[PDB]
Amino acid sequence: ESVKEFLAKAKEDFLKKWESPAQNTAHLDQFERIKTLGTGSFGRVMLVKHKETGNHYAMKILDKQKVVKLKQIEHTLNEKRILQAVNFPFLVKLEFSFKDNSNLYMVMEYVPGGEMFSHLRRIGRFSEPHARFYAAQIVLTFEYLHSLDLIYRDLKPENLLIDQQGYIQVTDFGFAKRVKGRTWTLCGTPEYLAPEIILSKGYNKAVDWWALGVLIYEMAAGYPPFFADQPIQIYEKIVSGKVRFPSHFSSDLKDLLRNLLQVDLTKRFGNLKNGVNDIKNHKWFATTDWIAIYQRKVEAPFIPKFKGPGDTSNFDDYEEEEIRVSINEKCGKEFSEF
């Protein structure tokens, strides 16, 4: 009942911003560009410092012409409209957004701990208590997002940041979409795609719960449940209905994952009459205090190392590229509402 009350208020706040999005709330020249933190098909994220406050941020720079060539116009509009409207302890905040002749800009909170991806690959795998701590945060984040009729659609260690307190911050809302009922877009990352996506079946929020199963598996195993050298081989494994677990996986863990990695939607945890509660109440989560997690009162598995503000040693190095702004406006109409 307290959960319903909280979510009801959360939706009221979200819908106000959803219907009236913030737009043009800063300018490129207000930020000092320092270093690239990550890259994508049509842009990059750079560590920046806001000159008037001295605050550090992570600024995503999207080349409008590249967005259009990859047919991601509506997805980029989705991303910005959603991210400026949401608010949850484990979601990165969009602080400013604006555009110029050449690029779109999304100025987000900088999360100095780096990607879960980097730590997971380096350490090999997380213990189950460690993986559970992260997993719980995704569970609550998805409960929140789904209550707003949003689907996230790109869960993976590369899209999860670790903050200074050791907590998760979900970023990368590029495929996030607000949809009541059913949607069809083939998108995501091969290892994490639900069978209904690759089979072009038409799908809903249940694909996020499948992806959570993939994520928990990979965190606790050190490798995903479905992997191969070519995506087609990955897809063949995903739809096959077969999954094998490391012998070190607990029996509770295996039970949870068999229910999350359920090819049959009518049997998938997160998608039954009991909704997210079949997950929250699963044996594997019996020690999880969902409220303490939300309030950030639980001791994290580890805190990332930090050496003063603006330090980036928790991020890989990327090739840098000067930002150029054309003297002509590119793709004005397509991105008008940004």
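Counting begins at 1, following the sequence as shown. Just so we're on the same page, rigid core means the largest C-alpha set that superposes within 1.5 Å between forms.
- Per-stretch RMS Cα distance to the displayed form in 9 other deposited structures of this protein, following rigid core alignment, is highest for 228-236 when 81-89 and 228-236 are compared.
- Larger root-mean-square CA separation from the shown form, computed after a rigid core fit of the structures in 9 other deposited structures of this protein, is seen for 69-77 when 69-77 is set against 105-113.
- Remark: stretch with higher mean C-alpha B factor among 252-260 and 219-227 is 252-260.
- Taking the mean C-alpha B-factor of each stretch as recorded, 283-291 and 28-36 are not equal, and the higher mean is that of 283-291.
- Each of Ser97, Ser118, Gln165, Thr141 has a CA temperature factor in the record; the biggest one is found at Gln165.
- When the Cα B-factors of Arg122, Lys242, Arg153, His75 are read from the PDB record, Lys242 comes out highest.
- When the CA B factors of the chain's modelled residues are split into thirds, the value for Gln84 lands in the lowest one.
- The PDB entry assigns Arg296 a C-alpha temperature factor belonging to the highest third of its chain's modelled residues.
- Per the PDB record, residue ranking by Cα B-factor puts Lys267 in the highest third of the chain.
- Among all modelled residues in its chain, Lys60 ranks in the lowest third by Cα B-factor.
- Sorting the modelled residues of the chain by their CA temperature factor places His50 in the middle third.
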